[PDB]
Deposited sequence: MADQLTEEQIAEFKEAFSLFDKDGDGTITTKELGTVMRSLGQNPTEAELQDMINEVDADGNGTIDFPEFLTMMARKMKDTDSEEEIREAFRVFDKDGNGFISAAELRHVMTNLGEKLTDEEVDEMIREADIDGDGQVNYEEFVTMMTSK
């Protein structure tokens, strides 16, 4: 149901959930990331969503199951809104810095700026939705 590219992209997303890198996702890790991006799911809602896809019934989520566990544009647009924390249509360095730190990424301000810069096609020191999608696929 997904192309090879998108599967490859979700694999790196998976890695952000898989903090300790043993290749599976626990309930604790699952909520951690979701909470870090502002979501507030219940321990029951996590466990129930896991159990639905927990095919081999070991209690953790592997990558194949993470895929099955996962209108299209509105998610992409909502993902864009995760970064733009004041909704001004533009993602700023300080706002990229926010998301990065919530996620657990370690970098300097110049590095944040350089990410903004590399994503910026027009040239204004902040990133919009047009290039956000162009960066999301490359």
Gaps in the model, given as deposited-sequence positions counted from residue 1 | 1 to 3, 74 to 80, 149
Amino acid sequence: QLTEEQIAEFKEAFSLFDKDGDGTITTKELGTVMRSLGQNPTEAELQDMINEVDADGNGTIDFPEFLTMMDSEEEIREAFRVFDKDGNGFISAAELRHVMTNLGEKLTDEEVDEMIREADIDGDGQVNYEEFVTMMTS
From here on, numbers count along this sequence of modelled residues.
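Superpose the two forms; the largest set of C-alphas matching within 1.5 Å is the rigid core.
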Stretch with greater C-alpha deviation in 5 other deposited structures of this protein, 86 to 94 versus 51 to 59 (rigid core superposition) = 51 to 59
More variable segment, 41 to 49 or 77 to 85 [Cα RMS over structures in 5 other deposited structures of this protein, core-superposed] = 41 to 49
Averaging C-alpha B-factors over each stretch, which comes out higher, 125 to 133 or 13 to 21?
-> 125 to 133
State which stretch shows the higher mean Cα B factor in the entry: 60 to 68 or 30 to 38.
-> 30 to 38
By its CA B factor, does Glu78 count among the lowest, middle or highest third of the modelled residues in the chain?
-> highest
Going by what the PDB entry lists, where does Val112 fall on CA B-factor within its chain: lowest, middle or highest third?
-> lowest
Comparing against every modelled residue in the chain, figure out the third that the C-alpha B-factor of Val53 lands in (lowest, middle or highest).
-> lowest
Would the CA B-factor of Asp84 place it in the lowest, middle or highest third of its chain?
-> highest
